[PDB]
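First, one chain by itself in structure tokens, the form deposited in one PDB entry.
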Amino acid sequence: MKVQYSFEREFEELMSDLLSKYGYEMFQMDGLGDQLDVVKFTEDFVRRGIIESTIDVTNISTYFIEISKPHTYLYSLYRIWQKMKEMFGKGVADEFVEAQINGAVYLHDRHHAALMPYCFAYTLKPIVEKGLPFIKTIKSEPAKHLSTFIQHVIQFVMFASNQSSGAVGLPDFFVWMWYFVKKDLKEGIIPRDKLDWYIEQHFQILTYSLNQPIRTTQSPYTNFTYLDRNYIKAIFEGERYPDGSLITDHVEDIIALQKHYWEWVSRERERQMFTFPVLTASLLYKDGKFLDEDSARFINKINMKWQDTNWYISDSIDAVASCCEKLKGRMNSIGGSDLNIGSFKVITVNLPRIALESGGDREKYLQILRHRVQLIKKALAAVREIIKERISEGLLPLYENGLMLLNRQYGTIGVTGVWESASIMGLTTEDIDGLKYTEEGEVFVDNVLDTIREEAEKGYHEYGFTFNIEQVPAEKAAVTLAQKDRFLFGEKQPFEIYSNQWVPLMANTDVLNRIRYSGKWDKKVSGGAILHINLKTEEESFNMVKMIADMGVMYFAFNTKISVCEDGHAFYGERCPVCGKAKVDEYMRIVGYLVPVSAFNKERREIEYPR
């Protein structure tokens, strides 16, 4: 049966031509093949469970999310083409569509691309002050008590996760939670002899709610930040609680509450392992010292158990000063995005493609790169115009209620496969300290990133909004791009998956090289990357941390292999110390946050070896 979708003739001509040029397998690999066939999709979907049971469970709620993704992707691609045609001409639009489809670029959350924005790290201030104004079918009063505050936070997170594609960050959670803890303590709502119990009960309610998905089999991606004293002071200078008291008058209370959570979390994993919220600590570090060494030592000590917190290092708080037109502030897809910073969309450049296209010619490579990045900037501009259209149509209330801020969102140019690009270029080698870039290779990466940065900087004056760069997690992109490239270039592309760190996670190389590379290149993407290392004592750990910080790494973590039994208890080894049963899975940091390897491998294998 033939169902008609109504497109402009030129777009249909474009899609037909692209089909003739590239073949159905490209469209299939892009997600615009048999996936569009509702019957095939459904029939395949309803029997995934048997296969899962045979090889290794999803429920019906996943069906209703997934069925339409190909269709809303097709729509999004079309609308982006339209807007780009409007803004820059048909040539550019056609070029973009071709690049997206053939895999020269990777449009992130493409099924959402013309409908809602990517991500944001929120301040809860408007939640505390206004309640839930974005829910228009009932007027909700602002929270007066801790329980109602926790409720509102949970509800906000769930609401926001359906108005955006990516992370819901809450860097100032504990700032606002403290207020209600103290308020309820004062009014005798909380019996004093039950204070810590009351706090931990609310930690538990929130944390578990953020790991208990109602729809689909995955919770929304959330982040918590341990704000050091420097950050609390800089961010909340001048700000007051709803009782009129100064927030900066309560730095110690906030630090103490944050500390309580990090301790409670470390304890709780032995009862039940969980992913969210992803934990980052934001520390100001200058001239060989932490400016809040108490907090740094705390994070250092507490991390010894699970290494479940990511280290954010900065040398300045200028970018966040008095925060509560050129945009500054860190944007990172994994964690550590500064308060009131986000990205409305990421479009990634496939660097290995350029390697294959260039045939080892670095000058040609850089020309191609520049052009590609300019194209991406144009697409990001179109997307932004589309989001503004959606805001105007009353479809995105988070913008209307001052929670998501469009002028505080970057347009992001992503990169993936730096290593693989260099390798195809012939600019990598193995010496005594393991796998590494050749000198010429380091220079090449320098050039790639400096070029991208140059263009990103030009973008502000070109388009009116700020661009950033990120080495994206690319859980799916890293497979699909490599697949498209293999389909196009064959044996010349020998990699099954492209990398998302400057040197591959599982590379046989010296830690010092990794650290050095991140030290060189993290600043070029303004901290839009992560160094996480698979692996002494507390002071040895601290010395390592200081060392890594001195070397200029902006965001990093150490990885352990966290065993879990069938009952969910976290431990190390093959034997569970709580229940006595055997390890059956592990949690690890694979792209920057802690996940079960089994879920990761299910996902990877099912997008890498389909049908």
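Residues that one form lacks are left out of the comparison. All residue numbers refer to positions in the sequence shown, first residue = 1. Note that the rigid core is defined as the largest set of C-alphas that superpose within 1.5 Å between two forms.
- Looking at the other PDB entries for this protein, residue 48 is absent from the model in a third or more of those that include the residues around it.
- Judged by the one-third criterion across other entries of this protein, residue 57, though modelled here, is missing from at least a third of those that model both its neighbours.
- According to the PDB entry, the deposited sequence contains 4 to 9 residues between residue 56 and residue 57 that lack coordinates.
- Going from residue 535 to residue 536, the model skips 4 to 9 deposited residues, which lack coordinates.
- Between 562-570 and 37-45, it is 562-570 that carries the larger average Cα temperature factor according to the deposited entry.
- Per the PDB record, of the two stretches 163-171 and 82-90, 82-90 carries the greater mean B-factor over its C-alpha atoms.
- For the set 384, 286, 408, 297, the maximum C-alpha B-factor listed in the entry falls on 286.
- Of the candidates 117, 220, 191, 394, it is 191 whose Cα B-factor is highest according to the PDB record.
- In this PDB entry, residue 111 carries a Cα temperature factor that places it within the middle third of its chain's modelled residues.
- For residue 515, the recorded CA B-factor ranks within the middle third of the chain. Only modelled residues enter the ranking.
- Among all modelled residues in this chain, the alpha-carbon of residue 530 has a temperature factor (C-alpha) in the lowest third.
- Sort the modelled residues of the chain by CA B factor and residue 583 lands in the highest third.
- In the deposited entry, the Cα temperature factor of residue 546 places it in the middle third of its chain's modelled residues.
This protein has a second form, the form deposited in another entry, left out of what is shown; the following refers to that one.
- Just a single entry of 186, 371, 461, 136 exceeds or equals a 2 Å CA shift between this form and the one not shown, which is 136 (rigid core superposed).
- After superposition on the rigid core, the Cα atom of residue 260 is displaced by less than 2 Å between this form and the one not shown.
- Relative to the superposed rigid core, residue 512 undergoes a CA displacement smaller than 2 Å between this form and the one not shown.
- The two forms, fitted on the rigid core, differ between this form and the one not shown by 2 Å or more at the CA of residue 214.
- Core aligned; runs of 3 or more residues with all CA shifts at 2 Å or more between this form and the one not shown: 136-139, 214-217, in sequence order.
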